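Q: This is the structure I want to talk about, given as structure tokens.
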Amino acid sequence: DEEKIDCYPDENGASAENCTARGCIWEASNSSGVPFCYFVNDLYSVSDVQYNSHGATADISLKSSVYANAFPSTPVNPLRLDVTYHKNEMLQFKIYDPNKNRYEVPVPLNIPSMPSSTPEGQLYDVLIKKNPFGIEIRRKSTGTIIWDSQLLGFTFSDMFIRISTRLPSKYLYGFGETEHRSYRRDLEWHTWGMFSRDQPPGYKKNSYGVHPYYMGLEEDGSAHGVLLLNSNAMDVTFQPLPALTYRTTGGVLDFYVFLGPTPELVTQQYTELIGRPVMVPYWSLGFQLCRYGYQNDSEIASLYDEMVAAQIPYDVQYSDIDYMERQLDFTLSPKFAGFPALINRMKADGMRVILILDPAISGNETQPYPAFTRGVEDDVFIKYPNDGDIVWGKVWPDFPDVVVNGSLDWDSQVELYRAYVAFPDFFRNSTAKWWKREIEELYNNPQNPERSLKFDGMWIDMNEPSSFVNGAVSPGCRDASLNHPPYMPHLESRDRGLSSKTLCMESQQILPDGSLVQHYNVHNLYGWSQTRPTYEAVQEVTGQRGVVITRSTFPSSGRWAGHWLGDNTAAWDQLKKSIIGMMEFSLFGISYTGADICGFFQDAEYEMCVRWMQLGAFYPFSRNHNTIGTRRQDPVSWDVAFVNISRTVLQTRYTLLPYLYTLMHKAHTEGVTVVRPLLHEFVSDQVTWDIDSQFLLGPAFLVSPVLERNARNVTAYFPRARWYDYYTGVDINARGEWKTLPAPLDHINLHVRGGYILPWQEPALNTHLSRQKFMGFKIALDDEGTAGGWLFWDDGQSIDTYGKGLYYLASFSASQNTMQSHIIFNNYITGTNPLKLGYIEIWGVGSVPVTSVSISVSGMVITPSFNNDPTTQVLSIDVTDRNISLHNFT
Ligand SMILES: C[C@H]1O[C@H](O[C@H]2[C@H](O)[C@@H](O)[C@@H](O[C@H]3[C@H](O)[C@@H](O)[C@@H](O)O[C@@H]3CO)O[C@@H]2CO)[C@H](O)[C@@H](O)[C@@H]1N[C@H]1C=C(CO)[C@@H](O)[C@H](O)[C@H]1O
């Protein structure tokens, strides 16, 4: 019943007779999922298999065209397969057309100069099996088979490619941006669309980015990863005979396989290929506020003052498109003048500001508008292929004189008001200068130095590329590269073709080299194409490292940006989904992510929002954002009870920051994960393979959120190790056990894994005041493991600090009743530049209050006063009275 490989996934025309017309068998079923049409025999035949020291290659040919000609596109013949043993832990196999040169995804990866696999170290082996044509990847370690495409269905036609594989288990994690219902994916007959579209998160709905990458767990605790470097419109299909099926619409099958043995190891190797996450500015680790519909310039300032009055910490203040004049890029609303004043005032207190940008530029404007005009001069806009005019979409920008009724039909609004806009082609060496310029002159206004906005980071959005008309504008598109492209993957609005909510597929773009591409192949690449330049733009203009949040992603996208999970709604299910989203994104190679706290779409409710601020207080990207007409949902818009709660939890986060920052350093340097599923640190425990309603920050910080309304308690899992409550210092004392811990409406549960030391620092009102206060230690000893730890210090904003010069790297270790410090490299904390070392806490020291050594060394040796409770292992040791800094301490 499984093993049935759906022969008719087509949008239209599945029928007994139409089914027979391919080499296929029609047989109804009463079981949900099973394909009425299925494969009984193959249509390609592998021929000249050959192996060598460094790879393998066979040839694939039709047999015969009688049936291959019967489905989607004109099949390609013959094909060719090249497997390559890059490293011992990594593979690639590609199936392509050796004759014609097919579209291949233009995103740089790093690969050993030549194949560096060694017969003794190589951890996997491959076999090109012959009947029917198959590919079998195996972990040499223990025979588990990683990939096995010796199933039927393999097709390969210009605009339709199918390949399948048995999964080595019933546990698979993560696919290209959408709203999964659990971390581990179902397998019980589910298809998923993958294609950049402006879709609020939804079940089986294709969303902002595309990520054809998964991690599979094996029989034993072993793990592997698989990437399909294809950017065409595709959908994947999970069958209960553990096995999935790709159906792309026309690249080549370029697969890369990774078999680090562990989840982290896998990710380290995936990111090693596509690139590791961007290092973020220390200030971005703080809390963030925004909304769609900040009315007046001053309604923001009103908010920023209300927030410092409540003493709720936060470093980043935004403004949505409201600050633009009629949603035009690079313009300042009348209603928002002396907004430039607000920026400068806030940053002066130590805050920072992030501004949104859309990609589409309006060209129906009457006044002068350099952005658009110089756009046309430098020729940076996306046109049709036969020289044809700009491909005109519509988005946010309003027409010039039109008077706007905020309440009109959303459709009516799009014809009467919204201007025609052009989409820049961000591949082009030209579009880079143009874009980078506009950004320059936003920062330093050539004409009105008083109207300069001094932003610190950019939020590129609406870049799928999203558009509020299907394709182009007035007459439409004209093409079959667009609608019904032989196979229309299982996307949202399938009936609308690929055109739906974006550019015409025939739209011409130009790659950096200079060759011509149509939007059809690079659509999923669009937002990605825009990411690096924007990143660079911010860097050049601000002279600092800065940060970029983008909506549309693609593998490697996270190399220059972070990501927020998009248009959630203020509903309870959406909290848990954010935990997933984050987790999945760590896999996808993007460390800096989160959801819109309290919920974008719709009005926030009180209790849900107390719970969400507590959860979100631990997103790496912690931002409270919100759609237009809704009521405001920020912390100082509820009541005294709320405010006070918000304060406490935010404080906690501003304490973890030195830890959260080093994680970010380690993910950037090592490939490791930041938001990390328990199962990454405790694989041998199968209970964790399924838990997705709680998560880790790094290895030692266990977050256990309350995700249900009335609930004021929670049941959370606690793997086999010591879990110290972060607040009290006491070990919970569960071990591979489920405990029900009390969870009052003011409290969120956090625990520190025994065997780790966490560097902390006193909570300020923003990271500027914070970095000045006292540095702490939390040594979470475990009878289960003594203690290990890391700290990395930086000016927190300079470009490539680690990579060239000024940083501080210290590993910490506690063997016997004593913690010792080893500075690996120091170059920013010097005698003159001191790091105040405040307190030193130690949890789990013993019920016997007897020390053999109570005094700390700096070179000299003091025996400062301490507090100790025998009941609770805590051993506190204040030191706010010494000249102790991280650079002279031992
Ligand atoms: C702010 C948001 O506006 C537009 O969102 C539209 C969505 O495209 C559609 O999904 C559509 O229906 C959704 C409903 O609005 C919503 O109530 C939900 O419950 O389900 C519906 C899905 O069927 O209507 C939406 C109109 O509001 C736009 O497409 C979307 O991309 C916009 N979000 C971005 C815009 C802003 C402002 O620049 C940013 O603040 C957001 O973060 C962006 O994500």
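Q: Using the Karplus equation 6.51 cos²θ - 1.76 cosθ + 1.60 (θ = phi - 60°), what ³J(HN,Hα) coupling, rounded to whole Hz, does each residue of region 239-255 give in order, writing x for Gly and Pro?
A: For region 239-255, the Karplus-derived couplings read 10, x, 5, x, 5, 10, 9, 7, 9, 8, 10, x, x, 10, 7, 10, 10 Hz, x marking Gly and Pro.
Q: Also, I was wondering about something else. Label points 7 Å out from Cα along the Cβ direction at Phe866 and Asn713: separation in nm?
A: Here the modelled spin labels are 3.7 nm apart.
Q: Counting other Cβ atoms within 10 Å, keep those with at most 12, restrict to DSSP loop, and tell me which chymotrypsin sites (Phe, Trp or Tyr not before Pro) in region 568-599 are left.
A: Sparse-neighbourhood loop chymotrypsin sites (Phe, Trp or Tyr not before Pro): none present.
Q: How would region 39-276 be classified by its alpha-carbon gyration tensor: rounded, prolate or oblate, with rounded meaning a/c under 1.5 and the a/b versus b/c comparison settling the rest?
A: Rounded is the answer for region 39-276, as its axis ratio a/c remains below 1.5.
Q: Another question about this same structure. Of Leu696, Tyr213, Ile135, which is farthest towards the positive pole of the chain's charge dipole, taken about the Cα centre with +1 and -1 on the beta-carbons of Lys, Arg and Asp, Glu respectively?
A: In the chain, that residue is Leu696.
Q: With θ set to phi - 60°, apply the Karplus curve 6.51 cos²θ - 1.76 cosθ + 1.60 along region 389-400 and write out the HN-Hα couplings as whole Hz, x wherever there is a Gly or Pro.
A: Per residue, the Karplus-derived 3J(HN,Hα) values read 4, 3, 8, 8, x, 9, 9, 9, x, 8, 5, x Hz.
Q: I would also like to ask the following. State to the nearest 20 debye the size of the charge dipole of region 114-246 about its Cα centre, where the only charges are +1 on K and R beta carbons and -1 on D and E beta carbons. Let's see the in-between values first.
A: Details: 14 positive and 14 negative charges, 36 e Å.
Computed charge dipole of region 114-246: roughly 180 debye.
Q: Now, a different point. Quick check: pseudo-label points 7 Å beyond the Cα along Cα→Cβ at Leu516 and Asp389, how many nm apart are they?
A: 2.1
Q: Can I ask one more? Sequence-distant or interchain residues sharing an amide H contact under 5 Å with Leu253, placed H: which?
A: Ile95
Q: Treat every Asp and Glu Cβ in region 39-276 as -1 and every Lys and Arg Cβ as +1, leave all other atoms uncharged, and give the resulting dipole magnitude about the Cα centre to the nearest 20 debye.
A: My answer is approximately 340 debye.
Q: Would you mind checking which residues have amide H under 5 Å from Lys383's amide H? H placed 1.01 Å from N; only 5 or more apart, or other chain.
A: The answer is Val391, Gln508.
Q: Could you let me know the centre-to-centre spacing of region 516-561 and region 52-78, using Cα atoms, in angstrom?
A: Taking the Cα centre of each part, region 516-561 and region 52-78 sit 36 Å apart.
Q: Taking amide H positions as placed in the peptide plane 1.01 Å from N, state which residues far from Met819 in sequence (5 or more) or on other chains have amide H under 5 Å from it.
A: Under 5 Å from the amide H of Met819: no residue qualifies.
Q: Excluding same-chain residues fewer than 8 positions from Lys140, which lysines have a Cα within less than 26 Å of its Cα?
A: Those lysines meeting the cut-off are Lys87, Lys94, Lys129, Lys130, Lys170.
Q: Right, here's the next one. Suppose every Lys and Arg Cβ carries +1 and every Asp and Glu Cβ carries -1, with no other charges. What dipole size does the chain come out with about its Cα centre, to the nearest 20 debye?
A: With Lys and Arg at +1 and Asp and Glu at -1, about 1140 debye.
Q: Within region 826-866, what residues put their amide N at less than 15 Å from the label point 7 Å along the Cα-to-Cβ vector of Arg882?
A: Label zone hits: 835-842, 853-866.
Q: For the chain, just say rounded, prolate or oblate: build the C-alpha gyration tensor, square-root its eigenvalues into a ≥ b ≥ c, call rounded for a/c under 1.5, and beyond that prolate if a/b exceeds b/c, oblate if not.
A: oblate
A short reminder: the numbers here are calculations on the coordinates, not readings from a lab. Reconstructed Cβ throughout: ideal geometry from the backbone, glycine too, with neighbour counts over all protein chains shown.
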